[PDB]
């Protein structure tokens, strides 16, 4: 029953992870937007000393979000939050019960975090070459069950971990968002439409189809607009190699 507050921002795929898990848990919770990149509020370091989004407070007295309680637990780091939601809500089966299937879920999150997320970040925010990101996405795709399903078979927090970023990639490419070259945008677009990535396309579609996504997504159009506010997304700038 203890309260849950998630501090969030529409553009943020990390915050999006946790909204999805909270929907899949059926949790009662409060979200509060934080302009973390343009105008961080002065109280925000009390909920997260690291000054990143998402931030979560857990239990303590019901306060307004801009009036955080010292008595609430402050949880940082979106993957830690997903595991926490799974622990709080075992009835929701947000992880398998079998230890091998659970390791499948954990390995998928690790593969994404360690080899994929850094490429999305560099390609989009630094304009680094696209080929290593497509390699890493082919690798991640190879970890999926071949005949359909989610990362560990049944949906789990592994899929909440990963869909926010894969679901952003297609519309951002179509909107031309990112500091990569024209040449790599075409390459990525043709690639993500090619037979080689059909499996990851089916996985995006399957995850997007769940209420947890539809209820945490502003719409492709609106998410593009939100991304367009990110300072690092310096419009009119591209890098070439």
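Positions refer to the first chain, counted from 1. The term rigid core refers to the maximal set of C-alpha atoms that superpose within 1.5 Å between the two forms.
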Figure out for me whether 22-30 or 37-45 is the more displaced stretch in 9 other deposited structures of this protein, taking RMS C-alpha distance from the shown form once the rigid core is superposed.
37-45
Which of these two stretches, 2-10 or 231-239, has the larger RMS Cα offset in 9 other deposited structures of this protein when the rigid core is kept aligned?
231-239
Using only the Cα atoms and their B-factors as the entry lists them, report which of 5-13 and 213-221 averages higher.
213-221
Read off the CA B-factors in the entry, average them over 41-49 and over 201-209, and name the higher stretch.
41-49
Of 164, 118, 132, 142, which one's C-alpha B factor is largest in the deposited record?
132
Can you pull the Cα B-factors for 79, 105, 126, 73 from the entry and say which is highest?
126
When the deposited Cα B-factors of this chain's modelled residues are ordered and cut into thirds, is residue 64 in the lowest, the middle or the highest one?
highest
Third of chain Cα B-factors occupied by residue 54:
lowest
Position of residue 171 among the chain's modelled residues by C-alpha B-factor, lowest, middle or highest third:
middle
Among the chain's modelled residues, which third holds the C-alpha B-factor of residue 18?
lowest
If you rank every modelled residue in this chain by C-alpha B factor, which third holds residue 122: lowest, middle or highest?
middle
